[PDB]
Amino acid sequence: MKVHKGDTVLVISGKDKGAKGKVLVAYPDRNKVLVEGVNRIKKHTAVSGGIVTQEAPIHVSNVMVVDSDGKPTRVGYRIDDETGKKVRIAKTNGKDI
RNA sequence: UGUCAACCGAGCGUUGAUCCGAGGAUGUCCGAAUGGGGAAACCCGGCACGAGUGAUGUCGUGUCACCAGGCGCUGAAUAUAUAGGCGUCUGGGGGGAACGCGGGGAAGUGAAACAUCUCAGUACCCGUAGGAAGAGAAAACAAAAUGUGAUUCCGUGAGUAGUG
RNA sequence: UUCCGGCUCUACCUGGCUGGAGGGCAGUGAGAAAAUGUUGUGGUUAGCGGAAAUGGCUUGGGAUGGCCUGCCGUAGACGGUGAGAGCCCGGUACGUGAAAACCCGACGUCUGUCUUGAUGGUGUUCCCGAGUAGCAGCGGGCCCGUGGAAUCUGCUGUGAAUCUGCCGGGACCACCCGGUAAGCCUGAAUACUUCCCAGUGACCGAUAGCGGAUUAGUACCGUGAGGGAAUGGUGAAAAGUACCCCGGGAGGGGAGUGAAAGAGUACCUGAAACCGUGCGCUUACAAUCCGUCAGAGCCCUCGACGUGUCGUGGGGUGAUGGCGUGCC
RNA sequence: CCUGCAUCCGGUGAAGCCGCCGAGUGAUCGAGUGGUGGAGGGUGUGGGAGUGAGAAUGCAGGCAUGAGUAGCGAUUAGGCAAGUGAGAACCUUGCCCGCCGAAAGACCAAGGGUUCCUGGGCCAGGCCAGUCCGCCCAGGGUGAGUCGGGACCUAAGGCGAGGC
Ligand SMILES: [Mg+2]
Ligand SMILES: [Mg+2]
Ligand SMILES: [Mg+2]
Ligand SMILES: [Mg+2]
Ligand SMILES: [Mg+2]
Ligand SMILES: [Mg+2]
Ligand SMILES: [Mg+2]
Ligand SMILES: [Mg+2]
Ligand SMILES: [Mg+2]
Ligand SMILES: [Mg+2]
Ligand SMILES: [Mg+2]
Ligand SMILES: [Mg+2]
Ligand SMILES: [Mg+2]
Ligand SMILES: [Mg+2]
Ligand SMILES: [Mg+2]
Ligand SMILES: [Mg+2]
Ligand SMILES: [Mg+2]
Ligand SMILES: [Mg+2]
Ligand SMILES: [Mg+2]
Ligand SMILES: [Mg+2]
Ligand SMILES: [Mg+2]
Ligand SMILES: [Mg+2]
Ligand SMILES: [Mg+2]
Ligand SMILES: [Mg+2]
Ligand SMILES: [Mg+2]
Ligand SMILES: [Mg+2]
Ligand SMILES: [Mg+2]
Ligand SMILES: [Mg+2]
Ligand SMILES: [Mg+2]
Ligand SMILES: [Mg+2]
Ligand SMILES: [Mg+2]
Ligand SMILES: [Mg+2]
Ligand SMILES: [Mg+2]
Ligand SMILES: [Mg+2]
Ligand SMILES: [Mg+2]
Ligand SMILES: [Mg+2]
Ligand SMILES: [Mg+2]
Ligand SMILES: [Mg+2]
Ligand SMILES: [Mg+2]
Ligand SMILES: [Mg+2]
Ligand SMILES: [Mg+2]
Ligand SMILES: [Mg+2]
Ligand SMILES: [Mg+2]
Ligand SMILES: [Mg+2]
Ligand SMILES: [Mg+2]
Ligand SMILES: [Mg+2]
Ligand SMILES: [Mg+2]
Ligand SMILES: [Mg+2]
Ligand SMILES: [Mg+2]
Ligand SMILES: [Mg+2]
Ligand SMILES: [Mg+2]
Ligand SMILES: [Mg+2]
Ligand SMILES: [Mg+2]
Ligand SMILES: [Mg+2]
Ligand SMILES: [Mg+2]
Ligand SMILES: [Mg+2]
Ligand SMILES: [Mg+2]
Ligand SMILES: [Mg+2]
Ligand SMILES: [Mg+2]
Ligand SMILES: [Mg+2]
Ligand SMILES: [Mg+2]
Ligand SMILES: [Mg+2]
Ligand SMILES: [Mg+2]
Ligand SMILES: [Mg+2]
């Protein structure tokens, strides 16, 4: 999907637009991902009762990977003549990701 | 780590999971059912080779219909010979929405009734194969033109020549 | 328009029969059939690459809304993404691309007739598809519904000829004209979709649409053939209301979630029959297909004028008089 | 209502619904205004309609009166003390009374399949309330050389290799 676990991502649209974050888990079936620090929601937990803060899934279409230089970039692909492994490339820079 | 539909506990994966493409094995029982039996999915055996017990009782893998056509042997009352009887190979028993071929084959209804007719060779049934089928190489038309030249399928030829 | 051999009883010359070797002929073929040795980016069964705005200002819960600036276009088809997206995502134009297998086409051992044979003439003796053709009786379908009844055909009797032979031109005779049945194969033009792949709708949107948007030919009914049902929309995510209180629960009130809780799993929008609570007017001496035309009082209201009184004023109620025989 | 064409409106609130105020000679109209809602609509000119309800003893769904009226499904009949629990004439214990007793009792085959026991509760059901249940939940429960059948034999009848 051009997005993996452990990458750095930025939000384009939504309540928390303009905030950077780090991805935790991915859901390819529903095309949704979970990012900490964005879309924080209050949940009622009762067993002892209280209110806690958690994170809800965000659709990937509203987020995209950031460049190592701190700028938003798309994802490109290249073919290596050495091993043939497919690599991710920053379109606006050409550097590998 | 499919799904109805959350939830728990358990785990794998960079040494390539999951997925999809092609081929390959296993495939309980019934179901043309074909070792024998029978109220579908339940009862009972023969033979050969293996496994187990001091021996029976037990268990695994094979094989054990019928019909027709070839091939070989045999030849009754009865003599020639046949029928019949044995051994061995080759084929068939059912299913499928529509499409074809050859037969059988109905009644409602119109005629303001109704026997002839029409409904109709329709519905249905029977025996049949295929991916298509059937038909097919003039004992054919026409009429004085020195004409066409296997078969099949469409449009006209006309709702006319006829028939009731 | 090749060579040799053995045969036409036999050995020798003449004329014929049959085998072994060039050179053509075709071959998966209806004209004969079986197998065995080397090519197409031919397509198909998956995939992969694939261009351009985090633009500014505004309403906003959310921009994919409005105004102004850019860029790509062999890609402004189509869907998803928190409200109508060419430049966010899935992909579309275009390019590529397969281990194995499929089928088609082309390139290669092998099979077999003929060259013992072909070409143009002549008079004589034999052949050209048997219970068939035709004839007579009884039935079919051709427009022909036995009528004069041609042709084809089913059954029963009788029953013919081989080239100056035979059958056909709607009876039939004569003359002309066409043809050679009584044996067998033959692709192309045509008919259809239980299945699979790709596409379309001035076709339907939950009493419509296939009987079937959900437990579907299920439940259910019938011992049988068989008949045959109704049941979608919370919201962006469940964040499905912690906690406190009344209470057995059911159920409810605060406080929070959220845009809304006039969204609380009985959850979009919520009409009419139907049942209500509060408010205003009226009725207990009355003979009404239940309305209309007049019509005092009371109440609500809009203006100008003041305590309430008029006005090219509106509304609800109606005490009381006249009129008055539902719809198809 | 759906459509070709040219236009305008719309999260600063589009579609229905409920009012007020008005308007046309009709089937009606309002780009005039108020509440509810949240996602597509109007005008102009052409083309196509499953295009207009009150009645067929019509059909699908919902709801009126009779009505808080009749009944609450026999020929025996209950009463008392105590207990459980929020609730008891209908549940548990104890004591009186009555009834059946060729059955209103104890069993077989046919007939149903979990109604049997233990433990849980009482929004569905029991013609009323239910602590109870032939309500449901979860678990457990069915022991044959000698009992009934098969491996033993046969009838009225069915199948039927050959065959007619
Ligand atoms: Mg497979
Ligand atoms: Mg096996
Ligand atoms: Mg069998
Ligand atoms: Mg059998
Ligand atoms: Mg045979
Ligand atoms: Mg003999
Ligand atoms: Mg068959
Ligand atoms: Mg008549
Ligand atoms: Mg008549
Ligand atoms: Mg006819
Ligand atoms: Mg075939
Ligand atoms: Mg033919
Ligand atoms: Mg023929
Ligand atoms: Mg004609
Ligand atoms: Mg805004
Ligand atoms: Mg925009
Ligand atoms: Mg489009
Ligand atoms: Mg989207
Ligand atoms: Mg749309
Ligand atoms: Mg893709
Ligand atoms: Mg006739
Ligand atoms: Mg005639
Ligand atoms: Mg003539
Ligand atoms: Mg001639
Ligand atoms: Mg002939
Ligand atoms: Mg054809
Ligand atoms: Mg509806
Ligand atoms: Mg039945
Ligand atoms: Mg809120
Ligand atoms: Mg409801
Ligand atoms: Mg509602
Ligand atoms: Mg009075
Ligand atoms: Mg009077
Ligand atoms: Mg009157
Ligand atoms: Mg009167
Ligand atoms: Mg419309
Ligand atoms: Mg607009
Ligand atoms: Mg709005
Ligand atoms: Mg509003
Ligand atoms: Mg709304
Ligand atoms: Mg128009
Ligand atoms: Mg019009
Ligand atoms: Mg018309
Ligand atoms: Mg209509
Ligand atoms: Mg009506
Ligand atoms: Mg009704
Ligand atoms: Mg009534
Ligand atoms: Mg009463
Ligand atoms: Mg009574
Ligand atoms: Mg009773
Ligand atoms: Mg009691
Ligand atoms: Mg008694
Ligand atoms: Mg007695
Ligand atoms: Mg008795
Ligand atoms: Mg029984
Ligand atoms: Mg039983
Ligand atoms: Mg019990
Ligand atoms: Mg209980
Ligand atoms: Mg109860
Ligand atoms: Mg009940
Ligand atoms: Mg129970
Ligand atoms: Mg036993
Ligand atoms: Mg018999
Ligand atoms: Mg037989």
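Its PDB record attributes the structure to cryo-EM, giving the resolution as 3.26 Å.

Within the PDB entry, the label attached to chain A reads Large ribosomal subunit protein uL24, and the organism entered is Mycolicibacterium smegmatis. The deposited entry bears the title "HWS19 strain WT mycobacterial ribosome". Of the comments in the UniProt record for chain A, the one headed Subunit reads "Part of the 50S ribosomal subunit." UniProt, in the comment section headed Sequence similarities, describes chain A in these words: "Belongs to the universal ribosomal protein uL24 family."

(A) Inspection of unusual backbone geometry at higher detail. For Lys-2, which is not a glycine, the phi torsion comes out positive at approximately 70°. Looking at where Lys-2 falls in the secondary structure, it is placed in the segment before β1 (8-11). In the Ramachandran plot, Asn-31 falls in the positive-phi region, its phi being about 55° despite a non-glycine side chain. Relative to the elements of secondary structure, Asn-31 occurs in the loop between β2 (20-27) and β3 (32-35). The exposure class of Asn-31 is partly exposed, given its relative accessible area of 40%.

Conventions adopted
Residues numbered from 1 in each chain as written, not as in the entry; some residues may be left out. Chains lettered and ligands numbered in written order. Part of a larger assembly, values for the part shown. Heavy atoms only, no water. UniProt positions renumbered as here; feature names shortened; annotations may be inferred. Helix = DSSP H or I, 4+ residues; strand = E, 2+ residues; numbered from the N terminus. Buried < 20%, exposed > 50% of the residue type's maximum accessible area, 1.4 Å probe, protein only.

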